[PDB]
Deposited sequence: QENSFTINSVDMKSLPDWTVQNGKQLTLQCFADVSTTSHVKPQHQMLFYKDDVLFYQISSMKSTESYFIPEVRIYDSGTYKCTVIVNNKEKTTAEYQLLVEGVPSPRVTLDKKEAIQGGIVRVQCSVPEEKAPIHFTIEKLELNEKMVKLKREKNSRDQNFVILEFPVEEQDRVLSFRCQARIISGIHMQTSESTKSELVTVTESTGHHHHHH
């Protein structure tokens, strides 16, 4: 006969992981037998099934090449043998850090009084993302203007910016934030362009 002794869920490299790395989720099962069993394993994230495998081996794995904060959450894995169950404790996977964001400008040469639509997207992540956008000024070395913006439905923003008669050479720099249980920030990003 059989015995589901106990069940684990290891996380390689850890239950906390730097954004961008690869991550592996394991489901271990200790099984006692009197001469060899097939397992069925179900991986849940937040009690929603996302992977299913039936194998002869006691450790089963799930590979994430590129961890993202959207992957962060509550993980449990259930193992069935000969229609007997047992369920791992809950495991909280924590993803840290935000990739540098992508800034984009409709113009690279702009006129005075006019406008310049500036996009800032974190393409490798999903909403909700908070942005901070500084309008920087080169011939003066001073931040003219800052915009905070919260992006509920999207992972990007397009802001209109006015060309004040005040200068001719300027760039915009951006920085994004996302949550994992506490809060995560990026490095900056910029692109240059000029005014008449």
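Trainee: Could you give the ranges of the deposited sequence that carry no C-alpha coordinates?
Mentor: In sequence order, the gaps with no modelled C-alpha are 1-3, 39-40, 202-213.
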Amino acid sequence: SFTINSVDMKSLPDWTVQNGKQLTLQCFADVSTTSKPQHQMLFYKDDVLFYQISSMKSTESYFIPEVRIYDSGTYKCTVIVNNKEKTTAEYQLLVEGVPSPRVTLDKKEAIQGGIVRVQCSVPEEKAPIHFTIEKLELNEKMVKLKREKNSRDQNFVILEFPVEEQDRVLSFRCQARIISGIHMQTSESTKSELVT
From here on, numbers count along this sequence of modelled residues.
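Trainee: Of the two stretches 142-150 and 43-51, which shows the higher Cα B-factor on average in the entry?
Mentor: Averaged over C-alpha atoms, the B-factors run higher in 142-150.
Trainee: Averaging C-alpha B-factors over each stretch, which comes out higher, 164-172 or 126-134?
Mentor: Between 126-134 and 164-172, it is 164-172 that shows the higher mean C-alpha B-factor.
Trainee: Can you tell me which of 120, 80, 93, 111 has the maximum CA B-factor listed in the PDB entry?
Mentor: Of the options given, 111 has the highest CA B-factor in the PDB entry.
Trainee: If you rank the chain by CA B-factor, which third does residue 177 end up in: lowest, middle or highest?
Mentor: Tercile = middle for this residue's CA B-factor.
Trainee: Lowest, middle or highest third: where is residue 66 by C-alpha B factor in its chain?
Mentor: It falls in the bottom third of the chain.
Trainee: Would you mind ranking residue 115 by its C-alpha B-factor against the rest of the chain and naming the third, lowest, middle or highest?
Mentor: Its C-alpha B-factor belongs to the highest third of this chain's values.
Trainee: Using the temperature factors of the C-alpha atoms in this entry, rank residue 17 within its chain: lowest, middle or highest third.
Mentor: It belongs to the middle third of the chain when residues are ordered by C-alpha B-factor.
Trainee: Ranking every modelled residue in this chain by its Cα temperature factor as given in the entry, which third contains residue 102?
Mentor: Lowest third.
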